[PDB]
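Reading through the structure tokens given below for one structure.
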Amino acid sequence: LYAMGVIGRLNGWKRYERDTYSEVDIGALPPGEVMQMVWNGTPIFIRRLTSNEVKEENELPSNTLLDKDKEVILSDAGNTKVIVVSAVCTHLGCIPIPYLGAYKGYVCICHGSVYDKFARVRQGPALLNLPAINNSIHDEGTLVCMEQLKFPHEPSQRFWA
Amino acid sequence: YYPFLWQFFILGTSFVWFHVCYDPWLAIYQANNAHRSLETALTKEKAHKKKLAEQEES
Amino acid sequence: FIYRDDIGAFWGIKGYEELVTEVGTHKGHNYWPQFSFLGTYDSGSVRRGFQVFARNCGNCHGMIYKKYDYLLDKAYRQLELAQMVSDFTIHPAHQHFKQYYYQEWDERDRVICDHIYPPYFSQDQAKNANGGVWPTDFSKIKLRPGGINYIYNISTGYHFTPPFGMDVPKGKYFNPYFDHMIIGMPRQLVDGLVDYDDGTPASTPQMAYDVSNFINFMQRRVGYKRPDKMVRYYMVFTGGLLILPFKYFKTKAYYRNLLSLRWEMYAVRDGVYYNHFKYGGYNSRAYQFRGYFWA
Amino acid sequence: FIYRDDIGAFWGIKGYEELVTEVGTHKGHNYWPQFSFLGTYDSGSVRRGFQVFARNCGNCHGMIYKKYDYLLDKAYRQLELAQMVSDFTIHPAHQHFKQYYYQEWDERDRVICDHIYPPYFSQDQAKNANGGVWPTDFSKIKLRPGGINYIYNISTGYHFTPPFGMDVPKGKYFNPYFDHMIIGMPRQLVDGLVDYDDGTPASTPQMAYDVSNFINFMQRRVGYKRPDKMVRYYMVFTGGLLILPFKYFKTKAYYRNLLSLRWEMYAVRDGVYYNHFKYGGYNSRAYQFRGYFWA
Amino acid sequence: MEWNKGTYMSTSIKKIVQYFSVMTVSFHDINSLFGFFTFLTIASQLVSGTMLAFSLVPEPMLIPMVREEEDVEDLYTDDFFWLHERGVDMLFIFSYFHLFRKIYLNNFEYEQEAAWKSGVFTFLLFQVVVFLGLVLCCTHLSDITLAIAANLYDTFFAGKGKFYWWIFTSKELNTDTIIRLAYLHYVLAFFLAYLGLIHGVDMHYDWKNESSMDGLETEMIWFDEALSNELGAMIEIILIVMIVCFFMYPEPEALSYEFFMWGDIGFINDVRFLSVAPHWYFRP
Amino acid sequence: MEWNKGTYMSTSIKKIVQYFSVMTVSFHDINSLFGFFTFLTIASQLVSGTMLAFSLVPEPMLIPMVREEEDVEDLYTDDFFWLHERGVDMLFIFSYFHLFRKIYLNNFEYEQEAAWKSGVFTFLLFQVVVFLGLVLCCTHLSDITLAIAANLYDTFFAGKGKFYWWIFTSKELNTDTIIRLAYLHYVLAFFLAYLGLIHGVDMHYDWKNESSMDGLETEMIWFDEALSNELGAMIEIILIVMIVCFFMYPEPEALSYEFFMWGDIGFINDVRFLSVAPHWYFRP
Ligand SMILES: CCCCCCCCCCCCCCCCCC(=O)OC[C@H](COP(=O)([O-])OCC(O)COP(=O)([O-])OC[C@@H](COC(=O)CCCCCCCCCCCCCCCCC)OC(=O)CCCCCCCCCCCCCCCCC)OC(=O)CCCCCCCCCCCCCCCCC
Ligand SMILES: CCCCCCCCCCCCCCCCCC(=O)OC[C@H](COP(=O)([O-])OCC[N+](C)(C)C)OC(=O)CCCCCCCCCCCCCCCCC
Ligand SMILES: CCCCCCCCCCCCCCCCCC(=O)OC[C@H](COP(=O)([O-])OCC[N+](C)(C)C)OC(=O)CCCCCCCCCCCCCCCCC
Ligand SMILES: CCCCCCCCCCCCCCCCCC(=O)OC[C@H](COP(=O)([O-])OCC[N+](C)(C)C)OC(=O)CCCCCCCCCCCCCCCCC
Ligand SMILES: COC1=C(OC)C(=O)C(C/C=C(\C)CC/C=C(\C)CC/C=C(/C)CC/C=C(/C)CC/C=C(/C)CC/C=C(\C)CC/C=C(\C)CCC=C(C)C)=C(C)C1=O
Ligand SMILES: COC1=C(OC)C(=O)C(C/C=C(\C)CC/C=C(\C)CC/C=C(/C)CC/C=C(\C)CC/C=C(/C)CC/C=C(\C)CC/C=C(\C)CCC=C(C)C)=C(C)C1=O
Ligand code: HEC
Ligand code: HEC
Ligand code: HEM
Ligand code: HEM
Ligand code: HEM
Ligand code: HEM
Ligand code: FES
């Protein structure tokens, strides 16, 4: 009991998770457009992808798919797909450029960290893709509900009764 | 032959050390910066204020 | 070991390669009375610098770490400083930590003990008011390329035009002394902007010089205490030079005197055997060798 | 050792002879669920207490130390509490330690993470708005006579009239439970003042009870954590009682077992002398006796 | 320092380990164990107190708010604060009972001197530590305690000069005074452990259960036979104290000496002088 | 613990005083005095850090303002801070010169083992303390140092289960982290003194200013004959350092390494990652 007390004092306790839920209206967004939003005081890029753009983006050599272990989530809500990603250079934290001529993706001026429309690492010293923001679509593409991923924090019972 | 008197002598020598190393540098430093004191600025401001006050309109 | 002088890094300190940083220190020598040998702040210069800071550039910037009362001996007197600073107001929202001492609930005239806050309550308010870019806090601003010169250069380096390939966005201005040569501050110093109390001509170089002197004076290491500490260093160095001979007498001559020894060795051939040498000796670390070594 | 009750000091604790202290604790027993054996806070009671404190109190009082999110797991949920607390506003002047975190320059809706501040920016503003007397901060208010009963008594005890020789100044009211029985708070609780969300009848005794429960819920040693600690004390006492027999076995019966010795003294008449007794023995502190004692 | 003849027992780690693994204890009773109860409780104060060190910011204007916020957000912080507070009381009780037991036994003889003085010094230091701890509460009780201590300290100098400033800066609880007193409190609290170890080593020379000299030569082994009994007796005394406190201290009480601790310095400038009372140990 | 045979010296006050009053030192040069300079710098670091501790409030958001304001209102505080920084610099210089000198003389022999390792351990601890000290500055340099240290600590655990939280809470400098690291810094800084004393006692077993075995048997008495020379050599090296710093570092400079210490944690969020550089001793 005494040791539990000591160690628990050393390791802070997260008694509850602060609300971060948000909703963004995106139904009216024209297809093939990128909109910048602020979530948790951080930039985020939301884009609508048509069927044609998938052929261009996904048809690249497998070797160029740096960090192949990563997964890409496409909402596929409404007529066209909706992708929500975090706008930050994982190498140092700068905001990647929304557009570039070579690819219809995101690139970084700092070190040429090229990211395609799926945020895959391309020709970049970065060790990861653009961070993926937990979200979902429930209004048939009209509205996107976003909330930070909930990790387990224990003990979660503040009162016995 | 009186140890505490010799300790007073050592204290006196340390005092002489301090004053020798202190007085000349302070004197020369405050002689060099005589014209940079606040009193010079105050005198200049007072003179300018007097000149502006004497020559003016209603 | 040898660092190229045209890379843009001074003495090998990489970074700051999109700035003009060697002006006034390495290339050119701007004279500041504070940093000269046996130099000191010019009281009039710092006085005029505070005057210009209060009448302008105090509407965007501030020294949260500093307070006015630093100017009580070399730049102002208590009554004069109080009267000058009573022209500004501080809401309780300005305070960084009220701590129950600040009981005001409305704007009140500043006192010399108040920290130098900007007119804005917070950094975000200033950033919003100035086109989304925050006027940097001048406390601890000593840590900039060129040191004291950094304030002087930026305030004055609005004359050059951008080269080809560099675009200055609307609301931004070209200034080679700032990071990446784009700065969000419109030029503020204009001839005749501030009427000095001593009648000194108010030309933009003079105002920049006075501002730089004041800002430097408000620092802690390279500020109002550096000259006296340098004089103290000189005095201590003189004391060490004077004490070196006595150290020599105490230590080296004394050791040489102690080594003036006469040695003599004779031939002892009496019957006594050197049994003490054969059976003798003590080692303080014998406990570390017993049962471990040479068995 | 024996004390007197007619004096007006409970159990011999002087200093509170100018007010009623034994109303509901010593001479009376007002039932509170929290302090009952195996008792716990009534969630409805604390909910109603917060509802009352947010509609009548709070506009004068506050808890600088406490914040709303204390009520997350017992009285209110996160969304409900956020909805309730969004009706209030905090200026940046409220913050005890504004810090760099709070970057607002105007009023904004409160959040459950905000500390419970009164509408006034400081104590002096409250005194100015309340006739020169400061509405006491309810945080740490547990340290008043009667404990949780205090809030209940003052909220209710306004019906009595002053005796001869006591003058109630204009703007003051007679309340026997307050220090010197003169309080600057007008009677706040009136039947029907607050319409509860749960439909509970709104009468001054019920409102006082709910407010007292809520105010006690925010305390540190007493309040939301006391009942669990009481249960823990019960559990630890049970553990000690259950461990006592094993301690007995391991210590006292064991010593009794070790003491079961047999002794036998024989006649040794051999020629040997008892030299060891005559010439023997050592003492650890001999160095403390040598050269000092018995010579 | 030729006047010093050395030390009773070298406190080298190996020598301490051997001494305590070979030490024997004569058969005893509960009354002759308060000293151990005085040490074990200290062994908790160093722990619990340490957990409070990481919580308390020595700024006077933040100590109350920091404590209140850490009670909720952090877990076991209030538990350790309660443990520390009650450990002070238990330590006073155990130390005074030990003092009374040793006075009753006529332990003033010369062979007891090393045991006695070495103990009393620790006790003296303990008092000082306790004083410092009070000042860290930043309540009106701390204000009064600091004022009284500063007045007593100044009485030595006859009220001339400001020789008290180096620790009692302005005779008020401010950032400087709080920081210095808190750090000294920690340092002296940890020094108490060494002083108690020295006292325990010294006292074994002539340790006896009762004045009458039992002719018993066999003894227990300290590590488990005596240690288990001491821990069990500590458990029993804790049970007794809890039972007593249950009846004597109902949580809702009409009056208590703790009410004077309501005021927090800086937040409340008005001190209720009518009801001024310290904790029971400093009451006399 | 039968494997541990004992200790070379019992560090008791009586025996320490006797040993240092009867110590003898063979004739030497300045190259074999870097250890004394390191110890003296350690002593001055202890004193100056104790003076600084009474000024530094461990809250991150107040350390910059507190440092700036207490340099003016209080005299000698900035002097002690400068003395502390320059003492750290000179301590690193002396320690590395001592290490190079002892590597030069081929002191890896068995008879040097106790002398060597006891020293290195001290050096190792001397590293840790320095790290903690950096964190107390609460600048962007401190932020980067803490982040790097936390990542290195988390490397051993493969980034699983936040084993770093007990010290590097969130891998960021906050109230808890600053308090814990400041207290650990103070305690380990004071422990360095005892480690240095142990090393100095051990190393005297076989001490040589040069590898060649001089046949001299007479030796200097340490208290004044050797101590005066040690102090004088310290004075000479300090004069040389003052001259070199005065000429190599012009009063105003462009592109110094301290320019990365402009950013203060909390006040400034954005970090100029282009120019990230630690102090020269952690530069390698
Ligand atoms: C609430 C209030 C509480 C109370 C507060 C007040 C506390 C008072 C404490 C009193 C302590 C008494 C100590 C007695 C010994 C002192 C030395 C001695 O014998 O004196 C005779 C000596 C006679 O003169 P002398 O014939 O020329 O001989 C000179 C030699 O010292 C003659 O030495 P030597 O060459 O013959 O041999 C020296 C040494 C041979 O050399 C050594 O072995 C040296 C020691 C080696 C080990 C330690 C290494 C570190 C060195 C010592 C520490 C120095 C720094 C201390 C820093 C303190 C913090 C700042 O041999 C010994 O003497 C062996 C014993 C050494 C002393 C230790 C044992 C006795 C004292 C302690 C006993 C108890 C244990 C300690 C813990 C107690 C805790 C309660 O008197 C003096 O010379 C005194 C001069 C004083 C004036 C000059 C300095 C002034 C300071 C200037 C700085 C600015 C401040 C100004 C002052 C402000 C007001 C204070
Ligand atoms: C009087 C007896 C003295 C000691 C007897 C020794 C023999 C013990 C015999 C076995 C006992 C077994 C039952 C132990 C039950 C403990 C409570 C429990 O289970 O809670 C676990 C809980 C965890 O419960 P949980 O994991 O179910 O989560 C609930 C969390 N709370 C309570 C917040 C709602 O852990 C603790 O609380 C640990 C102790 C607190 C932290 C450290 C400080 C301790 C301070 C003293 C507390 C005890 C007071 C009385 C004694 C004082 C010291 C002498
Ligand atoms: C910056 C780093 C490098 C340089 C550092 C600068 C030096 C700092 C420390 C200097 C200490 C003083 C010099 C000591 C040299 C050794 C002297 C010696 O052996 O003694 C014999 C000498 C004199 O002996 P003598 O034999 O040469 O001559 C006297 C003999 N008769 C009388 C017969 C002629 O002692 C002195 O003169 C002074 C001794 C002072 C005591 C020694 C320790 C001093 C430590 C400093 C702090 C003291 C505080 C005292 C107050 C209490 C505060 C709590
Ligand atoms: C605790 C602070 C200690 C500060 C130490 C700083 C050094 C001060 C002295 C500097 C040099 C000046 C010397 C002047 C001449 C002195 C001659 C003399 O008297 O000789 C003494 C003699 C000298 O030693 P000696 O007899 O071995 O000398 C032999 C001869 N020589 C030195 C030449 C080799 O020794 C003593 O009697 C030492 C007494 C020390 C007393 C220390 C008391 C400290 C009390 C602190 C507070 C205690 C609180 C307790 C808890 C309370 C709880 C409520
Ligand atoms: C002479 O008379 C005397 C007496 O008799 C009356 C006394 O009673 C006394 C009183 C005695 C005391 C207060 C002493 C009693 C002390 C008490 C109760 C408190 C301290 C008790 C302890 C057991 C301290 C133990 C300290 C520790 C650091 C060890 C922690 C304990 C345990 C079980 C863990 C041990 C294991 C580890 C450290 C290793 C764990 C990790 C691994 C194996 C993984 C390693 C690998 C990787 C990769 C990390 C005295 C002084 C006396 O003088
Ligand atoms: C893993 O986590 C951990 C840590 O963090 C990571 C740790 O730091 C630690 C260790 C650290 C701690 C427990 C915190 C300890 C902190 C320390 C030691 C920092 C402080 C260090 C110092 C050197 C402080 C020195 C202070 C001073 C000199 C202040 C002097 C002040 C005073 C009042 C001195 C004068 C007074 C006295 C001596 C008291 C005597 C009595 C009187 C004067 C009576 C007066 C009254 C009257 C009536 C006369 C551990 C164990 C840990 O586990
Ligand atoms: C409001 C109109 C301002 C006035 C009046 C002054 N300055 Fe300013 N300054 C202002 C802004 C919005 C900025 C940010 C520019 C950017 O691109 O970030 C600045 C910046 C500076 C700087 C550089 C700070 C840095 O961290 O590099 C300096 C040295 C500076 N300003 C100086 C300065 C002087 C000397 C002024 C007259 C005394 C002055 N400023 C007035 C906005 C405003
Ligand atoms: C403004 C009209 C107030 C409202 C609404 C409430 N209270 Fe109040 N209270 C007010 C003042 C000006 C004072 C100070 C009176 C004095 O003489 O100092 C108080 C005081 C109290 C107290 C006693 C404080 C003390 O330190 O003893 C209590 C217990 C109290 N108030 C309770 C209380 C409750 C429960 C309220 C909601 C029903 C409430 N107050 C509202 C002013 C005002
Ligand atoms: C912090 C305060 C103290 C601590 C931690 C402490 C600790 C101890 C311990 C552990 C023992 C051995 C177990 C036992 O008591 O039987 C002991 C014995 C003893 N202590 Fe203490 N004690 C303290 C205060 C005192 C005081 C105030 C005195 C005397 C006034 C004192 C004098 C003694 C004596 C005389 C003995 C027994 C020696 C004998 O019988 O001859 N101690 N103490
Ligand atoms: C024998 C050892 C100790 C004793 C006798 C002691 C005594 C006390 C006392 C009397 C108090 C205040 C009592 C009260 O609040 O009613 C206190 C509080 C405190 N103690 Fe100790 N203490 C000891 C050890 C320690 C140690 C070692 C530390 C830190 C390393 C420490 C840290 C604290 C802190 C921080 C507080 C105030 C906590 C707060 O106000 O929130 N204590 N102590
Ligand atoms: C050998 C002993 C010590 C070493 C090597 C050491 C090292 C350091 C270093 C490297 C720094 C940062 C300097 C900088 O970044 O420029 C520092 C800061 C600091 N140290 Fe130490 N230290 C020692 C002893 C102590 C002690 C004993 C204390 C307190 C009792 C202490 C308190 C502090 C404080 C308060 C700061 C920060 C001061 C400020 O930020 O204004 N130090 N130390
Ligand atoms: C803060 C760190 C250190 C301190 C305070 C310290 C202290 C000292 C002192 C005072 C001496 C005697 C004077 C001298 O020999 O110059 C010494 C000698 C010595 N040191 Fe250290 N030292 C430190 C670090 C080291 C390191 C890093 C090493 C090796 C890696 C080391 C190994 C030795 C050895 C072997 C000697 C004896 C030399 C010989 O026998 O000739 N020490 N030390
Ligand atoms: S900073 Fe954006 S890629 Fe290196």
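Chains: A, B, ... in order of the structure tokens. Residues: from 1 per chain. Ligands: from 1, in order shown.
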
Exercise: segment 259-266 of chain F partners within 7 Å, only C-alpha atoms, chain neighbours under 3 positions left out, as a PyMOL selection string
(chain C and resi 140+143-144) or (chain D and resi 100) or (chain F and resi 61+138-141+256+269+275-277)

Neighbourhood of ligand 1 at 6 Å, counting only C-alpha atoms and all ligand atoms, reported as a ChimeraX atom specification:
/B:3 /E:1 /F:17,20-21,223

Could you dump the residues just selected with N, CA, C and O atoms as a JSON list (two decimals), in the first residue's frame?
[["chain", "number", "residue", "atom", "x", "y", "z"],
["B", 3, "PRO", "N", 50.89, 36.71, 18.81],
["B", 3, "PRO", "CA", 50.23, 36.21, 17.59],
["B", 3, "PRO", "C", 49.02, 37.02, 17.15],
["B", 3, "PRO", "O", 48.82, 37.19, 15.94],
["E", 1, "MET", "N", 42.68, 18.47, 17.07],
["E", 1, "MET", "CA", 41.62, 18.21, 18.08],
["E", 1, "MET", "C", 41.99, 17.01, 18.95],
["E", 1, "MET", "O", 41.23, 16.04, 19.03],
["F", 17, "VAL", "N", 40.66, 15.08, 10.11],
["F", 17, "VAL", "CA", 41.48, 16.20, 10.58],
["F", 17, "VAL", "C", 42.92, 15.74, 10.79],
["F", 17, "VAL", "O", 43.87, 16.41, 10.38],
["F", 20, "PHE", "N", 44.65, 15.09, 7.32],
["F", 20, "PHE", "CA", 44.99, 16.30, 6.59],
["F", 20, "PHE", "C", 45.98, 17.19, 7.33],
["F", 20, "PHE", "O", 46.63, 18.03, 6.70],
["F", 21, "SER", "N", 46.12, 17.03, 8.65],
["F", 21, "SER", "CA", 47.14, 17.76, 9.38],
["F", 21, "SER", "C", 48.48, 17.05, 9.37],
["F", 21, "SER", "O", 49.50, 17.69, 9.69],
["F", 223, "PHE", "N", 49.40, 21.36, 4.61],
["F", 223, "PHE", "CA", 48.47, 22.39, 5.06],
["F", 223, "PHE", "C", 48.77, 23.75, 4.44],
["F", 223, "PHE", "O", 47.86, 24.44, 3.97]]

Using only C-alpha atoms and all ligand atoms, which residues of the polymer chains come no farther than 8 Å from ligand 8? I'd like the answer as a count of residues only.
40

Find the residues around residue 18 of chain D up to 12 Å (only C-alpha atoms counted), leave out those fewer than 2 positions away in its own chain, and share them as a compact mmCIF listing (two decimals) with C-alpha atoms, in the first residue's frame.
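File written: result_13.txt
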# COMPACT_ATOMS: atom_id res chain seq x y z
CA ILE D 7 -19.04 29.44 29.76
CA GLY D 8 -19.77 29.23 26.04
CA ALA D 9 -16.60 27.39 24.97
CA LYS D 14 -12.08 29.67 24.09
CA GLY D 15 -12.43 32.53 21.61
CA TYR D 16 -15.97 31.92 20.29
CA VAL D 20 -23.50 30.24 18.47
CA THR D 21 -21.19 27.27 17.87
CA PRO D 145 -17.76 26.57 14.02
CA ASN D 175 -27.67 36.81 12.75
CA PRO D 176 -26.78 35.01 16.00
CA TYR D 177 -24.42 32.54 14.30
CA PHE D 178 -22.03 35.18 12.91
CA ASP D 179 -19.06 36.73 14.70
CA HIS D 180 -20.57 39.22 17.16
CA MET D 181 -24.01 38.39 15.70
CA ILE D 182 -23.91 41.26 13.17
CA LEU E 274 -9.31 36.38 20.01
CA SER E 275 -8.95 32.74 18.88

List as a PyMOL selection string the protein and nucleic acid residues near segment 24-41 of chain B, meaning an atom at most 6 Å away when only C-alpha atoms are counted, but skip any in the same chain fewer than 2 places from it.
(chain B and resi 22+43-44) or (chain C and resi 38+42-44+74)

For ligand 11, collect every residue having any atom at a distance of at most 8 Å from a ligand atom (counting only C-alpha atoms and all ligand atoms); output as a count of residues only.
47

Got a sec: who's within 12 Å of residue 151 of chain A, counting only C-alpha atoms, leaving out chain neighbours fewer than 5 positions off, as a list in words?
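Result of the neighbour search: residues 14, 16, 17 and 156 of chain A.
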
Contacts of residue 154 of chain F within 10 Å, only C-alpha atoms, excl. fewer than 4 positions in-chain, as a list in words
residues 148, 149, 150, 158, 159, 160, 161, 162, 163, 164, 165 and 171 of chain F

C-alpha atoms of the current selection, written as a compact mmCIF listing (two decimals), in the first residue's frame:
# COMPACT_ATOMS: atom_id res chain seq x y z
CA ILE F 148 17.17 14.93 -25.95
CA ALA F 149 17.69 13.45 -22.49
CA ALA F 150 14.12 12.15 -22.39
CA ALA F 158 11.77 0.95 -26.99
CA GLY F 159 9.23 3.72 -26.43
CA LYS F 160 6.89 1.62 -24.30
CA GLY F 161 4.91 2.50 -21.20
CA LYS F 162 6.20 5.99 -20.36
CA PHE F 163 8.93 4.79 -18.00
CA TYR F 164 10.41 8.32 -18.06
CA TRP F 165 7.46 10.01 -16.35
CA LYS F 171 9.25 15.17 -21.67

Residues of chain A classed as strand (DSSP E) by DSSP on the backbone are to be reported as number ranges by chain.
A: 22-25, 34-39, 42-49, 81-86, 114-115, 121-122, 135-137, 143-146

Output N, CA and C atoms for every residue in the selection just made, as a short mmCIF file (atom, residue, chain, number, x, y, z; two decimals), in the first residue's frame.
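New file out.cif:
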data_model
loop_
_atom_site.label_atom_id
_atom_site.label_comp_id
_atom_site.auth_asym_id
_atom_site.auth_seq_id
_atom_site.Cartn_x
_atom_site.Cartn_y
_atom_site.Cartn_z
N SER A 22 -15.10 18.19 -32.10
CA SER A 22 -15.39 19.31 -32.99
C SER A 22 -16.12 18.79 -34.22
N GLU A 23 -16.82 19.69 -34.89
CA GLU A 23 -17.55 19.38 -36.11
C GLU A 23 -17.24 20.43 -37.16
N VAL A 24 -16.99 19.98 -38.39
CA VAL A 24 -16.65 20.86 -39.50
C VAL A 24 -17.63 20.60 -40.64
N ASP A 25 -18.22 21.67 -41.17
CA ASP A 25 -19.12 21.56 -42.31
C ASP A 25 -18.30 21.54 -43.59
N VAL A 34 -8.74 21.87 -51.20
CA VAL A 34 -8.16 21.68 -49.88
C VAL A 34 -8.56 22.86 -49.01
N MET A 35 -9.14 22.57 -47.85
CA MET A 35 -9.52 23.59 -46.88
C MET A 35 -8.70 23.42 -45.61
N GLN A 36 -8.22 24.54 -45.08
CA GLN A 36 -7.40 24.56 -43.88
C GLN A 36 -8.28 24.93 -42.69
N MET A 37 -8.16 24.17 -41.61
CA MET A 37 -8.94 24.39 -40.40
C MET A 37 -8.01 24.33 -39.19
N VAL A 38 -8.49 24.86 -38.07
CA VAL A 38 -7.76 24.86 -36.81
C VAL A 38 -8.48 23.93 -35.86
N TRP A 39 -7.80 22.85 -35.45
CA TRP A 39 -8.34 21.89 -34.51
C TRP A 39 -7.32 21.68 -33.40
N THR A 42 -4.25 23.61 -33.90
CA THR A 42 -3.25 23.12 -34.83
C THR A 42 -3.84 23.11 -36.24
N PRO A 43 -3.02 23.31 -37.26
CA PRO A 43 -3.54 23.27 -38.64
C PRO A 43 -3.94 21.86 -39.04
N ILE A 44 -4.96 21.78 -39.89
CA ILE A 44 -5.40 20.52 -40.47
C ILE A 44 -5.90 20.79 -41.88
N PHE A 45 -5.64 19.85 -42.79
CA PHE A 45 -6.06 19.96 -44.18
C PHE A 45 -7.14 18.92 -44.46
N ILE A 46 -8.26 19.37 -45.03
CA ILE A 46 -9.36 18.50 -45.42
C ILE A 46 -9.56 18.64 -46.92
N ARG A 47 -9.59 17.51 -47.62
CA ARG A 47 -9.69 17.51 -49.08
C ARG A 47 -10.74 16.51 -49.54
N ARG A 48 -11.34 16.81 -50.69
CA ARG A 48 -12.28 15.91 -51.35
C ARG A 48 -11.62 15.32 -52.59
N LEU A 49 -11.64 14.00 -52.69
CA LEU A 49 -10.98 13.26 -53.75
C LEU A 49 -12.02 12.55 -54.59
N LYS A 81 -14.69 10.88 -51.96
CA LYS A 81 -13.97 10.57 -50.74
C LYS A 81 -13.54 11.84 -50.02
N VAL A 82 -13.43 11.76 -48.70
CA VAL A 82 -12.99 12.88 -47.87
C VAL A 82 -11.79 12.43 -47.05
N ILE A 83 -10.72 13.21 -47.09
CA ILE A 83 -9.49 12.90 -46.37
C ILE A 83 -9.15 14.07 -45.46
N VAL A 84 -8.92 13.77 -44.19
CA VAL A 84 -8.53 14.77 -43.19
C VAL A 84 -7.16 14.37 -42.66
N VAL A 85 -6.19 15.30 -42.76
CA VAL A 85 -4.82 15.03 -42.36
C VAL A 85 -4.29 16.22 -41.57
N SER A 86 -3.21 15.97 -40.83
CA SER A 86 -2.55 17.01 -40.05
C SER A 86 -1.50 17.70 -40.91
N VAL A 114 8.52 15.66 -49.71
CA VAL A 114 7.36 15.58 -50.59
C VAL A 114 6.36 14.59 -50.00
N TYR A 115 5.09 15.00 -49.96
CA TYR A 115 4.00 14.12 -49.56
C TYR A 115 2.92 14.17 -50.63
N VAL A 121 5.31 9.51 -47.27
CA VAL A 121 6.65 10.07 -47.29
C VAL A 121 7.26 9.87 -48.67
N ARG A 122 7.71 10.97 -49.28
CA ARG A 122 8.32 10.94 -50.60
C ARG A 122 9.54 11.84 -50.59
N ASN A 135 -11.02 10.89 -36.91
CA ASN A 135 -12.24 11.58 -37.32
C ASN A 135 -13.21 10.56 -37.90
N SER A 136 -14.41 11.04 -38.22
CA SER A 136 -15.42 10.20 -38.84
C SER A 136 -16.42 11.09 -39.55
N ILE A 137 -17.22 10.47 -40.41
CA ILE A 137 -18.27 11.15 -41.17
C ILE A 137 -19.59 10.45 -40.87
N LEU A 143 -20.93 16.77 -42.91
CA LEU A 143 -20.24 17.20 -41.70
C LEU A 143 -19.26 16.13 -41.26
N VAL A 144 -18.10 16.57 -40.77
CA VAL A 144 -17.04 15.70 -40.29
C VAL A 144 -16.87 15.94 -38.81
N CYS A 145 -16.94 14.87 -38.02
CA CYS A 145 -16.78 14.95 -36.57
C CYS A 145 -15.40 14.44 -36.20
N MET A 146 -14.63 15.26 -35.49
CA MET A 146 -13.25 14.96 -35.14
C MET A 146 -13.08 14.98 -33.63
#

From the DSSP assignment of the backbone, select every residue of segment 60-269 of chain F that is helix (DSSP H, G or I), and format the answer as a VMD selection string.
chain F and resid 63 to 73 77 to 104 110 to 135 140 to 155 169 to 171 175 to 206 222 to 248 257 to 261

Interface list for chain F, partner chain A, 9 Å threshold, only C-alpha atoms, as a PyMOL selection string:
chain F and resi 165-167+169+273

Distance-based interface of chain D with chain A, 9 Å, counting only C-alpha atoms, as a ChimeraX atom specification
/D:40-41,72-74,78-79,113,224-225,227-228
